[PDB]
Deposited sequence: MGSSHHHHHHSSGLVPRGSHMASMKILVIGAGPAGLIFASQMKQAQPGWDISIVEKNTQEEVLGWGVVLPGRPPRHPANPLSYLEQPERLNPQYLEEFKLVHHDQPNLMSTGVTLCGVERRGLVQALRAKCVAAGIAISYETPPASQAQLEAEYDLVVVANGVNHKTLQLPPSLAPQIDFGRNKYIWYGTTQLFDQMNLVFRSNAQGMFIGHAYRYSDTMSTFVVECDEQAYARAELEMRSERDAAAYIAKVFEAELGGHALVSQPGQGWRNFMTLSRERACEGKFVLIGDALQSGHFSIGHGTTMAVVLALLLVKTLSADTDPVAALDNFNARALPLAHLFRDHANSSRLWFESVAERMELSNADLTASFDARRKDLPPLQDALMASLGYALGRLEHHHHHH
């Protein structure tokens, strides 16, 4: 009935393509990827709940998720002035390698008859709307209708995504104050051997530590020294070309214009300090499939999607931004007790409508 093009072979468009073709096996679903097949950004990611019971976890859509060596975390460890504070997590946290997750999802799509072409060249907007009935934009953070234009915001802190062989058995959140400034580590094990170790700092700490001038090797050794107590001699490794950045929060005022509809980070990115990015890609992928299924008029489904997607994407943005800003000012909270800092941390999103209730409601509609 329909010829859909998926732009971007990451979790958003992969979950969409497979779940769509599973709901509509006759449709012609194809995926194009900008990069080579081998290039996958990042190290590990933390995901909600365990497969296969938790519908927002992308592992719940792989037949044998345990073959990706996921790690299930039950504790949260907040370290302040070297004191640990150990809490239960509310939900099991699921760490998994980002590469294995992406490639298993791609393999799932290929086995369903969904072609994925790599290193694709850019196509006119005109070329695509002649060539296709719907263009699912899922290229993460190109030519699109003017009303889909993005609002971009750069966070104040600088961050870098490290990997390390230090094993962080709990979800770790580490605060370390330097003669140079305030450094924050987000760390958690995702495999038998590897942990994610995301470091953000103050723009003044970035300047006083001279991080822009140092070599990558020098900067990593300095940060590993800062977190000496957490890393125990293990170094820090970044991916080629993935240095220090300001987090880019991309928002949009409409989810779809014409035959272009957006999902994933391309529709809304949000700071990683709430760990919801891949969760949102799944939830909104599953949302799009349900609108494209429930009603038979495409345009009428897209207007159903845009009125359902956008409140959800913006509540996500509000929660991530509330968390991001707290981490941008946390230097002023450093004299607090561990207990007082933890209470501050737990309340940083409390003024908003609960995100989790909104996500469960949307999943209830997209899955019945």
Hey, which stretches of the deposited sequence didn't make it into the model?
1-22, 164-167, 395-403
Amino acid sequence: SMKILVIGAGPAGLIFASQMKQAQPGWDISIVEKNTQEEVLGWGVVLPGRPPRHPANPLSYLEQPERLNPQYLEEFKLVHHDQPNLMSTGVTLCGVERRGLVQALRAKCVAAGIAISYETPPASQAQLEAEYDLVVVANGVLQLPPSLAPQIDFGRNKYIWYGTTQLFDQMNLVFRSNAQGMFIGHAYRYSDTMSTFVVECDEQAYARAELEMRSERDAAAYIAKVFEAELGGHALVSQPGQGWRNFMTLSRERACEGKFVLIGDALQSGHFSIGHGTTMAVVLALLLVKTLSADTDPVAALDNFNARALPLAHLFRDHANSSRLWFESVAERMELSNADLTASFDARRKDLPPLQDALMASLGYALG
From here on, numbers count along this sequence of modelled residues.
Can you tell me whether 294-302 has a higher mean C-alpha B factor than 277-285 in this record, or the other way round?
294-302
Looking only at C-alpha temperature factors in the entry, 23-31 or 40-48, the higher average sits in 23-31
Based on the PDB entry, the highest CA temperature factor among the options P146, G185, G95, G100 is that of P146
Top Cα B-factor in this entry, restricted to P84, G243, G163, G90, sits on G90
Sorting the chain's CA B-factors, does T120 end up in the lowest, middle or highest third?
highest
Comparing against every modelled residue in the chain, figure out the third that the C-alpha B-factor of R308 lands in (lowest, middle or highest).
highest
Temperature factor at the Cα of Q151, chain-ranked in thirds, falls in the highest
Where does the C-alpha B-factor of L128 rank in its chain, lowest, middle or highest third?
highest
Lowest, middle or highest third: where is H271 by Cα B-factor in its chain?
lowest
